[PDB]
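Structure file query_5.cif (mmCIF, N, CA, C and O atoms) is printed below.
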data_final
#
loop_
_atom_site.label_atom_id
_atom_site.label_comp_id
_atom_site.auth_asym_id
_atom_site.auth_seq_id
_atom_site.Cartn_x
_atom_site.Cartn_y
_atom_site.Cartn_z
N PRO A 1 175.78 -76.28 140.73
CA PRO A 1 174.79 -76.20 139.65
C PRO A 1 173.45 -75.64 140.10
O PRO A 1 172.79 -74.95 139.32
N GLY A 2 173.03 -75.94 141.33
CA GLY A 2 171.78 -75.38 141.82
C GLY A 2 171.84 -73.87 142.00
O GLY A 2 170.89 -73.16 141.66
N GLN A 3 172.96 -73.37 142.52
CA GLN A 3 173.12 -71.93 142.70
C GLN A 3 173.30 -71.22 141.36
O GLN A 3 172.87 -70.07 141.21
N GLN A 4 173.91 -71.88 140.39
CA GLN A 4 174.14 -71.27 139.08
C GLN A 4 172.82 -71.02 138.37
O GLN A 4 171.94 -71.89 138.35
N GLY A 5 172.67 -69.83 137.80
CA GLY A 5 171.46 -69.47 137.08
C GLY A 5 170.86 -68.16 137.53
O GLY A 5 169.87 -67.69 136.96
N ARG A 6 171.46 -67.55 138.56
CA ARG A 6 170.98 -66.28 139.09
C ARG A 6 172.13 -65.61 139.82
O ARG A 6 173.29 -66.02 139.70
N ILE A 7 171.82 -64.56 140.58
CA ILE A 7 172.80 -63.81 141.35
C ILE A 7 172.75 -64.30 142.79
O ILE A 7 171.68 -64.27 143.43
N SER A 8 173.89 -64.75 143.31
CA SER A 8 173.97 -65.25 144.67
C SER A 8 174.19 -64.08 145.63
O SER A 8 174.18 -62.91 145.23
N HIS A 9 174.38 -64.38 146.91
CA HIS A 9 174.60 -63.35 147.91
C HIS A 9 175.74 -63.69 148.87
O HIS A 9 175.94 -62.96 149.85
N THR A 10 176.48 -64.77 148.63
CA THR A 10 177.58 -65.18 149.48
C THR A 10 178.89 -64.99 148.73
O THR A 10 179.03 -65.44 147.59
N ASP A 11 179.84 -64.32 149.38
CA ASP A 11 181.14 -64.07 148.76
C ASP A 11 181.91 -65.37 148.58
O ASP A 11 181.81 -66.30 149.38
N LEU A 12 182.69 -65.43 147.50
CA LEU A 12 183.53 -66.58 147.19
C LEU A 12 184.98 -66.25 147.51
O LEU A 12 185.51 -65.24 147.05
N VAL A 13 185.62 -67.12 148.30
CA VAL A 13 187.00 -66.93 148.73
C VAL A 13 187.83 -68.05 148.13
O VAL A 13 187.52 -69.23 148.31
N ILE A 14 188.89 -67.68 147.41
CA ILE A 14 189.81 -68.62 146.80
C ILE A 14 191.19 -68.42 147.42
O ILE A 14 191.70 -67.29 147.43
N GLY A 15 191.78 -69.49 147.93
CA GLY A 15 193.09 -69.45 148.55
C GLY A 15 194.10 -70.22 147.72
O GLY A 15 193.80 -71.32 147.23
N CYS A 16 195.29 -69.65 147.57
CA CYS A 16 196.37 -70.26 146.81
C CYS A 16 197.55 -70.51 147.73
O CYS A 16 197.99 -69.60 148.45
N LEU A 17 198.07 -71.73 147.71
CA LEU A 17 199.18 -72.14 148.56
C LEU A 17 200.39 -72.46 147.69
O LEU A 17 200.27 -73.14 146.67
N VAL A 18 201.56 -71.97 148.10
CA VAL A 18 202.81 -72.20 147.40
C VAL A 18 203.80 -72.85 148.36
O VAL A 18 203.97 -72.38 149.49
N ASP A 19 204.43 -73.93 147.91
CA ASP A 19 205.49 -74.58 148.66
C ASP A 19 206.81 -74.25 147.98
O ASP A 19 207.06 -74.69 146.85
N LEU A 20 207.66 -73.48 148.66
CA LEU A 20 208.92 -73.04 148.08
C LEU A 20 210.03 -74.07 148.20
O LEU A 20 211.14 -73.81 147.73
N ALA A 21 209.76 -75.22 148.82
CA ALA A 21 210.77 -76.26 148.96
C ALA A 21 210.59 -77.41 147.97
O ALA A 21 211.56 -78.10 147.66
N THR A 22 209.37 -77.63 147.47
CA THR A 22 209.12 -78.68 146.50
C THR A 22 208.41 -78.20 145.24
O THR A 22 208.20 -79.00 144.33
N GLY A 23 208.06 -76.92 145.16
CA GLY A 23 207.39 -76.39 143.98
C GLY A 23 206.01 -76.96 143.74
O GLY A 23 205.66 -77.25 142.59
N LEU A 24 205.21 -77.13 144.79
CA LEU A 24 203.85 -77.63 144.67
C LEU A 24 202.86 -76.48 144.75
O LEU A 24 203.04 -75.54 145.54
N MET A 25 201.82 -76.55 143.93
CA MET A 25 200.83 -75.49 143.82
C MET A 25 199.44 -76.08 144.05
O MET A 25 199.06 -77.04 143.37
N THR A 26 198.70 -75.51 144.99
CA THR A 26 197.36 -75.97 145.31
C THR A 26 196.43 -74.78 145.48
O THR A 26 196.87 -73.68 145.83
N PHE A 27 195.15 -75.01 145.22
CA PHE A 27 194.13 -73.98 145.34
C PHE A 27 192.93 -74.52 146.11
O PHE A 27 192.48 -75.64 145.87
N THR A 28 192.44 -73.72 147.05
CA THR A 28 191.28 -74.07 147.86
C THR A 28 190.21 -73.00 147.71
O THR A 28 190.51 -71.80 147.70
N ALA A 29 188.96 -73.44 147.59
CA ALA A 29 187.82 -72.54 147.41
C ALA A 29 186.86 -72.72 148.59
O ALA A 29 186.31 -73.81 148.78
N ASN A 30 186.68 -71.65 149.36
CA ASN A 30 185.77 -71.65 150.51
C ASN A 30 186.11 -72.77 151.49
O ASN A 30 185.23 -73.39 152.08
N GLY A 31 187.41 -73.02 151.65
CA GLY A 31 187.87 -74.07 152.54
C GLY A 31 187.86 -75.46 151.95
O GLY A 31 188.24 -76.41 152.64
N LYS A 32 187.43 -75.62 150.70
CA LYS A 32 187.37 -76.92 150.04
C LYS A 32 188.54 -77.05 149.08
O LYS A 32 188.74 -76.19 148.21
N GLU A 33 189.30 -78.13 149.22
CA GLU A 33 190.48 -78.33 148.39
C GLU A 33 190.07 -78.76 146.98
O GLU A 33 189.25 -79.66 146.81
N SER A 34 190.64 -78.09 145.98
CA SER A 34 190.36 -78.42 144.59
C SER A 34 191.20 -79.62 144.14
O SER A 34 192.13 -80.05 144.83
N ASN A 35 190.85 -80.15 142.97
CA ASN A 35 191.54 -81.30 142.40
C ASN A 35 192.58 -80.90 141.36
O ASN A 35 193.12 -81.78 140.67
N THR A 36 192.87 -79.61 141.22
CA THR A 36 193.82 -79.11 140.24
C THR A 36 195.08 -78.65 140.95
O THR A 36 195.00 -77.94 141.97
N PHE A 37 196.24 -79.03 140.43
CA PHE A 37 197.52 -78.67 141.02
C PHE A 37 198.51 -78.34 139.91
O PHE A 37 198.34 -78.75 138.76
N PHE A 38 199.55 -77.59 140.28
CA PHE A 38 200.59 -77.19 139.35
C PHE A 38 201.95 -77.50 139.96
O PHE A 38 202.11 -77.53 141.18
N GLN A 39 202.94 -77.73 139.09
CA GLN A 39 204.31 -78.00 139.51
C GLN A 39 205.24 -77.05 138.79
O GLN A 39 205.14 -76.88 137.57
N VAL A 40 206.14 -76.42 139.55
CA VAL A 40 207.06 -75.44 138.98
C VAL A 40 208.49 -75.92 139.13
O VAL A 40 208.75 -76.98 139.71
N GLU A 41 209.44 -75.15 138.61
CA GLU A 41 210.85 -75.47 138.60
C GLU A 41 211.59 -74.59 139.61
O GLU A 41 211.15 -73.48 139.92
N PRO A 42 212.72 -75.06 140.15
CA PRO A 42 213.50 -74.22 141.06
C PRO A 42 213.95 -72.93 140.38
O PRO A 42 214.17 -72.89 139.16
N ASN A 43 214.08 -71.88 141.18
CA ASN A 43 214.42 -70.53 140.72
C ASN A 43 213.35 -69.99 139.77
O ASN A 43 213.62 -69.61 138.63
N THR A 44 212.12 -69.98 140.27
CA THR A 44 210.97 -69.46 139.53
C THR A 44 210.34 -68.32 140.32
O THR A 44 210.06 -68.47 141.51
N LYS A 45 210.13 -67.19 139.66
CA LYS A 45 209.50 -66.03 140.26
C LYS A 45 208.02 -66.02 139.91
O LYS A 45 207.66 -66.17 138.73
N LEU A 46 207.17 -65.84 140.91
CA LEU A 46 205.72 -65.83 140.72
C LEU A 46 205.13 -64.60 141.38
O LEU A 46 205.50 -64.24 142.49
N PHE A 47 204.20 -63.96 140.67
CA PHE A 47 203.49 -62.79 141.17
C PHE A 47 202.04 -63.13 141.41
O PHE A 47 201.38 -63.68 140.51
N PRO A 48 201.49 -62.85 142.60
CA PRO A 48 200.07 -63.12 142.84
C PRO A 48 199.17 -62.30 141.93
O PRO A 48 199.11 -61.07 142.06
N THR B 1 153.02 -69.11 130.83
CA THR B 1 153.15 -67.90 131.62
C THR B 1 153.25 -68.23 133.11
O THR B 1 154.08 -67.65 133.83
N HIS B 2 152.43 -69.17 133.58
CA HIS B 2 152.49 -69.57 134.98
C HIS B 2 153.86 -70.14 135.34
O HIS B 2 154.44 -69.78 136.37
N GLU B 3 154.40 -71.01 134.49
CA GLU B 3 155.69 -71.63 134.80
C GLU B 3 156.84 -70.64 134.66
O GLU B 3 157.83 -70.74 135.39
N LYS B 4 156.73 -69.67 133.74
CA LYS B 4 157.75 -68.63 133.64
C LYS B 4 157.77 -67.77 134.90
O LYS B 4 158.85 -67.47 135.44
N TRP B 5 156.59 -67.37 135.38
CA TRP B 5 156.55 -66.62 136.63
C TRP B 5 157.05 -67.45 137.80
O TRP B 5 157.75 -66.94 138.68
N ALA B 6 156.73 -68.75 137.81
CA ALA B 6 157.21 -69.62 138.87
C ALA B 6 158.73 -69.74 138.85
O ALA B 6 159.38 -69.76 139.90
N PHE B 7 159.32 -69.83 137.65
CA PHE B 7 160.78 -69.86 137.55
C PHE B 7 161.40 -68.55 138.02
O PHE B 7 162.41 -68.56 138.73
N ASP B 8 160.79 -67.42 137.65
CA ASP B 8 161.29 -66.13 138.13
C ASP B 8 161.20 -66.05 139.65
O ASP B 8 162.07 -65.43 140.29
N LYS B 9 160.17 -66.65 140.25
CA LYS B 9 160.01 -66.59 141.70
C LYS B 9 160.98 -67.53 142.41
O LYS B 9 161.51 -67.19 143.47
N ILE B 10 161.21 -68.73 141.86
CA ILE B 10 162.18 -69.63 142.47
C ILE B 10 163.60 -69.10 142.28
O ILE B 10 164.52 -69.49 143.01
N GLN B 11 163.80 -68.22 141.29
CA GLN B 11 165.04 -67.46 141.25
C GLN B 11 165.17 -66.58 142.49
O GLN B 11 166.26 -66.42 143.04
N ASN B 12 164.05 -66.01 142.94
CA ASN B 12 163.99 -65.24 144.18
C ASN B 12 163.81 -66.11 145.41
O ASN B 12 163.56 -65.58 146.50
N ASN B 13 163.93 -67.44 145.26
CA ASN B 13 163.84 -68.39 146.38
C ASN B 13 162.47 -68.32 147.05
O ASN B 13 162.35 -68.27 148.28
N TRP B 14 161.42 -68.34 146.24
CA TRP B 14 160.06 -68.38 146.76
C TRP B 14 159.68 -69.80 147.17
O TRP B 14 160.31 -70.78 146.76
N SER B 15 158.63 -69.90 147.98
CA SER B 15 158.14 -71.18 148.47
C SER B 15 156.62 -71.23 148.36
O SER B 15 155.94 -70.20 148.38
N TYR B 16 156.09 -72.45 148.25
CA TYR B 16 154.66 -72.65 148.14
C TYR B 16 153.99 -72.50 149.51
O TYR B 16 154.60 -72.74 150.55
N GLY B 17 152.73 -72.09 149.48
CA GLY B 17 151.98 -71.91 150.71
C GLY B 17 150.50 -71.77 150.41
O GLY B 17 150.07 -71.85 149.26
N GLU B 18 149.72 -71.57 151.47
CA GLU B 18 148.28 -71.43 151.35
C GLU B 18 147.86 -69.96 151.30
O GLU B 18 147.18 -69.53 150.36
N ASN B 19 148.26 -69.19 152.31
CA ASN B 19 147.92 -67.77 152.35
C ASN B 19 148.95 -66.96 151.56
O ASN B 19 150.01 -67.45 151.16
N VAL B 20 148.62 -65.69 151.34
CA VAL B 20 149.51 -64.77 150.64
C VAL B 20 150.32 -63.99 151.68
O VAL B 20 149.76 -63.43 152.63
N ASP B 21 151.64 -63.98 151.50
CA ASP B 21 152.54 -63.31 152.43
C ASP B 21 153.62 -62.59 151.65
O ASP B 21 153.93 -62.93 150.50
N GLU B 22 154.21 -61.58 152.30
CA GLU B 22 155.30 -60.81 151.71
C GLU B 22 156.66 -61.29 152.19
O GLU B 22 157.54 -61.62 151.38
N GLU B 23 156.86 -61.34 153.51
CA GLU B 23 158.14 -61.80 154.05
C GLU B 23 158.29 -63.31 153.93
O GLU B 23 159.41 -63.81 153.76
N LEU B 24 157.18 -64.05 154.01
CA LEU B 24 157.22 -65.50 153.86
C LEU B 24 157.16 -65.95 152.41
O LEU B 24 157.39 -67.14 152.15
N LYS B 25 156.87 -65.04 151.48
CA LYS B 25 156.77 -65.30 150.04
C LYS B 25 156.10 -66.64 149.75
O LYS B 25 156.63 -67.51 149.06
N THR B 26 154.89 -66.79 150.30
CA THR B 26 154.08 -67.98 150.11
C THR B 26 152.81 -67.62 149.34
O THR B 26 152.23 -66.56 149.55
N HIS B 27 152.40 -68.52 148.44
CA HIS B 27 151.24 -68.29 147.60
C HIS B 27 150.70 -69.61 147.09
O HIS B 27 151.49 -70.52 146.80
N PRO B 28 149.37 -69.76 146.97
CA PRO B 28 148.81 -71.01 146.45
C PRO B 28 148.96 -71.18 144.94
O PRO B 28 148.49 -72.19 144.40
N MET B 29 149.61 -70.24 144.25
CA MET B 29 149.79 -70.34 142.81
C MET B 29 150.95 -71.24 142.41
O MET B 29 151.10 -71.54 141.22
N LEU B 30 151.78 -71.68 143.36
CA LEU B 30 152.87 -72.61 143.08
C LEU B 30 152.41 -74.02 143.43
O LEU B 30 152.71 -74.56 144.49
N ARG B 31 151.65 -74.61 142.51
CA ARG B 31 151.07 -75.93 142.71
C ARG B 31 151.26 -76.78 141.46
O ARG B 31 151.43 -76.25 140.36
N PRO B 32 151.25 -78.10 141.61
CA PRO B 32 151.36 -78.98 140.43
C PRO B 32 150.17 -78.83 139.50
O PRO B 32 149.07 -78.45 139.91
N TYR B 33 150.41 -79.15 138.23
CA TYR B 33 149.37 -79.01 137.21
C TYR B 33 148.19 -79.94 137.47
O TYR B 33 147.06 -79.63 137.09
N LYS B 34 148.44 -81.09 138.10
CA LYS B 34 147.38 -82.07 138.33
C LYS B 34 146.38 -81.64 139.39
O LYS B 34 145.35 -82.31 139.54
N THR B 35 146.65 -80.57 140.13
CA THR B 35 145.79 -80.12 141.21
C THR B 35 145.56 -78.62 141.16
O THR B 35 145.61 -77.92 142.18
N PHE B 36 145.31 -78.09 139.96
CA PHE B 36 145.01 -76.67 139.82
C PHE B 36 143.53 -76.40 140.11
O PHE B 36 142.74 -77.32 140.35
N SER B 37 143.17 -75.12 140.10
CA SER B 37 141.80 -74.69 140.35
C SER B 37 141.24 -74.01 139.11
O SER B 37 141.98 -73.38 138.34
N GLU B 38 139.93 -74.14 138.92
CA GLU B 38 139.28 -73.57 137.74
C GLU B 38 139.36 -72.05 137.74
O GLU B 38 139.58 -71.43 136.69
N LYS B 39 139.17 -71.42 138.91
CA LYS B 39 139.18 -69.96 138.97
C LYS B 39 140.55 -69.40 138.59
O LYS B 39 140.64 -68.44 137.81
N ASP B 40 141.62 -69.98 139.13
CA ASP B 40 142.96 -69.50 138.80
C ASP B 40 143.28 -69.70 137.33
O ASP B 40 143.87 -68.82 136.69
N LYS B 41 142.89 -70.85 136.77
CA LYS B 41 143.12 -71.11 135.35
C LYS B 41 142.36 -70.11 134.49
O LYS B 41 142.91 -69.59 133.50
N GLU B 42 141.11 -69.82 134.83
CA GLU B 42 140.33 -68.85 134.07
C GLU B 42 140.95 -67.46 134.15
O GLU B 42 141.05 -66.76 133.14
N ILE B 43 141.39 -67.05 135.35
CA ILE B 43 142.01 -65.74 135.50
C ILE B 43 143.29 -65.66 134.67
O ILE B 43 143.56 -64.65 134.01
N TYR B 44 144.10 -66.72 134.69
CA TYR B 44 145.36 -66.70 133.96
C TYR B 44 145.14 -66.73 132.45
O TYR B 44 145.90 -66.11 131.69
N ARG B 45 144.11 -67.44 131.99
CA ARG B 45 143.86 -67.58 130.56
C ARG B 45 142.99 -66.46 129.98
O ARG B 45 142.84 -66.39 128.76
N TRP B 46 142.41 -65.61 130.83
CA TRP B 46 141.60 -64.50 130.32
C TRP B 46 142.35 -63.55 129.39
O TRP B 46 141.80 -63.21 128.32
N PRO B 47 143.55 -63.06 129.72
CA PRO B 47 144.15 -62.00 128.88
C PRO B 47 144.38 -62.39 127.43
O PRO B 47 144.23 -61.54 126.54
N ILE B 48 144.75 -63.64 127.15
CA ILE B 48 145.08 -64.03 125.78
C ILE B 48 143.82 -64.19 124.94
O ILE B 48 143.89 -64.15 123.70
N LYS B 49 142.66 -64.35 125.58
CA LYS B 49 141.41 -64.57 124.86
C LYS B 49 141.15 -63.45 123.86
O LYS B 49 141.14 -63.67 122.64
#

Structure rendered as structure tokens:
Amino acid sequence: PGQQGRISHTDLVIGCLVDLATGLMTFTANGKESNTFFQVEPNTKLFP
Amino acid sequence: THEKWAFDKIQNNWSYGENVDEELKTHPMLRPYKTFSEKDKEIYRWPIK
């Protein structure tokens, strides 16, 4: 919230992790793990 | 007007100071209202008169 309100100067990196054995989906932002996750079904095709 | 300029400057990450600087972006104009100066107030209020 402090940074929001103008133009920053540091790039934002978002990482997405896929587990092909249990169908777990996680997302990390700048090395910080988010609190949002997704669950998929076996035999599911996903495109980045 | 003073607080609008101050907000624009803190958008640029300015800081309060005594002397005027360019790289240090310090100025005595970023001060609380309870400790302003008569000269600065007169200069700021002159244009609207």

Residues of chain B within 8 Å of chain A, all atoms listed in the file counted, as a ChimeraX atom specification: /B:7,10-12

Would you compute an axis-aligned box for range 11-19 of chain B, covering every atom listed for it in the file with 3 Å of margin on each side, and report centre and edge lengths in Å to one decimal as lines of an AutoDock Vina configuration file?
center_x = 156.7
center_y = -69.0
center_z = 146.8
size_x = 25.1
size_y = 13.5
size_z = 17.1

Secondary structure check, strand (DSSP E or B) residues of range 14-44 of chain B, as a PyMOL selection string: chain B and resi 15-16+26-27

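Pairwise distance (atom C of residue 33 in chain A, atom C of residue 20 in chain A) equals 20.5 Å.
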
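Shortest atom-to-atom contact with residue 31 in chain B among B:17, B:9, B:47, B:4: B:17, counting only N, CA, C and O atoms.
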
Range 26-29 of chain A surroundings by only N, CA, C and O atoms, 8 Å radius, close-in-sequence under 5 positions cut, as JSON, numbers by chain: {"A": [12, 13, 14, 15, 16, 17, 18, 19, 34, 35, 36, 37, 38, 39]}

Å distance separating CA of residue 49 in chain B from CA of residue 14 in chain B, one decimal place: 29.0 Å

Give as an mmCIF file with N, CA, C and O atoms, in the coordinates of the input each residue that has an atom at most 8 Å from (151.8, -69.3, 141.1) in the file, counting only N, CA, C and O atoms.
data_model
loop_
_atom_site.group_PDB
_atom_site.id
_atom_site.type_symbol
_atom_site.label_atom_id
_atom_site.label_comp_id
_atom_site.auth_asym_id
_atom_site.auth_seq_id
_atom_site.Cartn_x
_atom_site.Cartn_y
_atom_site.Cartn_z
ATOM 1 N N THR B 1 153.020 -69.110 130.830
ATOM 2 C CA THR B 1 153.150 -67.900 131.620
ATOM 3 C C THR B 1 153.250 -68.230 133.110
ATOM 4 O O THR B 1 154.080 -67.650 133.830
ATOM 5 N N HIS B 2 152.430 -69.170 133.580
ATOM 6 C CA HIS B 2 152.490 -69.570 134.980
ATOM 7 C C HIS B 2 153.860 -70.140 135.340
ATOM 8 O O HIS B 2 154.440 -69.780 136.370
ATOM 9 N N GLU B 3 154.400 -71.010 134.490
ATOM 10 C CA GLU B 3 155.690 -71.630 134.800
ATOM 11 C C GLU B 3 156.840 -70.640 134.660
ATOM 12 O O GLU B 3 157.830 -70.740 135.390
ATOM 13 N N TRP B 5 156.590 -67.370 135.380
ATOM 14 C CA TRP B 5 156.550 -66.620 136.630
ATOM 15 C C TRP B 5 157.050 -67.450 137.800
ATOM 16 O O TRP B 5 157.750 -66.940 138.680
ATOM 17 N N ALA B 6 156.730 -68.750 137.810
ATOM 18 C CA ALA B 6 157.210 -69.620 138.870
ATOM 19 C C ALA B 6 158.730 -69.740 138.850
ATOM 20 O O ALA B 6 159.380 -69.760 139.900
ATOM 21 N N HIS B 27 152.400 -68.520 148.440
ATOM 22 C CA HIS B 27 151.240 -68.290 147.600
ATOM 23 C C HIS B 27 150.700 -69.610 147.090
ATOM 24 O O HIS B 27 151.490 -70.520 146.800
ATOM 25 N N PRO B 28 149.370 -69.760 146.970
ATOM 26 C CA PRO B 28 148.810 -71.010 146.450
ATOM 27 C C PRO B 28 148.960 -71.180 144.940
ATOM 28 O O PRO B 28 148.490 -72.190 144.400
ATOM 29 N N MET B 29 149.610 -70.240 144.250
ATOM 30 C CA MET B 29 149.790 -70.340 142.810
ATOM 31 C C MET B 29 150.950 -71.240 142.410
ATOM 32 O O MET B 29 151.100 -71.540 141.220
ATOM 33 N N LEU B 30 151.780 -71.680 143.360
ATOM 34 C CA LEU B 30 152.870 -72.610 143.080
ATOM 35 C C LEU B 30 152.410 -74.020 143.430
ATOM 36 O O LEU B 30 152.710 -74.560 144.490
ATOM 37 N N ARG B 31 151.650 -74.610 142.510
ATOM 38 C CA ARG B 31 151.070 -75.930 142.710
ATOM 39 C C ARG B 31 151.260 -76.780 141.460
ATOM 40 O O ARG B 31 151.430 -76.250 140.360
#

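Taking atom C of residue 37 in chain B and CA of residue 24 in chain B as the two end points, the separation is 23.4 Å.
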
Given the PyMOL selection byres ((chain B and resi 25) around 6), the residues it picks as a PyMOL selection string: chain B and resi 13-16+21-24+26-27

All helix (DSSP H, G or I) residues (DSSP, backbone) inside chain B, as a ChimeraX atom specification: /B:2-11,33-35,38-45
